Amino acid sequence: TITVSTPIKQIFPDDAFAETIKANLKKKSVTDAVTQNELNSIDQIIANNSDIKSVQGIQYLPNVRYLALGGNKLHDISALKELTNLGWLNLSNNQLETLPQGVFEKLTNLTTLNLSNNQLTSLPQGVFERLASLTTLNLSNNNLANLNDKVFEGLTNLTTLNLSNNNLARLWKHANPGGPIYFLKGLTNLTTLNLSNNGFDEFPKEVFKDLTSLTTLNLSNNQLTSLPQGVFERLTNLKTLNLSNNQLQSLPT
């Protein structure tokens, strides 16, 4: 919140981002003063591939609902902590190495979250615990190699989950310290799941035990040598199953 007319360049230190705000407010200069009212009028920002290094100042746009910041150079996103009306957030192709604890604790109206093509390697504890209106989550093309058991707990309305091109193979090996990690518990409404390109070479039967609404499963480009029995019996709504580029041989006898 601002209480007097203030220059845009002042609130929004980053040049690229300042110009963005300028354009959306239809101001001639980035030094033009603006009122909290004018900032309240902004309900979306679409700024892909805009070279934005920081979204500092975005704290003052309380009514943003649709935010597209893909293809920028964002390393920090803590300034979104309080945009509680956010419904769509695309942070793909940035340079996020990590997320703040509780950065999404408040974004309870969020329905789409795209974190793809970053360099995330792990996720904080309770990173998506509040997001109960979330339906789409894209974490593909990161370096995810570790997930906590309760990571996707409370995404009860999640319908699409994309985890391609990561490094989760280890999470599904009996020889894994603490056994396999059942990170898909309770995704009763999930319908599309993409686990391609993770070096999977085995997977227990219990992993997909809750995915009853599942219709599309991509396991292509992994290192699977065989599949277990009982999986298809559970996934009664499964229509598309991609197993290409694996090593499925007929069991040796």
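For every residue, the number given is its place in the sequence shown, counted from 1.
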Greater mean Cα temperature factor according to the PDB record, 130-138 or 169-177: 169-177
78-86 set against 148-156, stretch whose average Cα temperature factor tops the other in the entry: 148-156
Highest-ranked of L193, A68, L227, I58 once sorted by CA temperature factor in the record: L227
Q101 - Cα temperature factor, lowest/middle/highest third of chain: highest
Third of chain Cα B-factors occupied by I42: lowest
B-factor third for the C-alpha atom of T216 within its chain: middle
Third of the chain's Cα B-factor distribution that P204 belongs to, per the entry: highest
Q36 CA temperature factor, ranked by third within the chain: middle
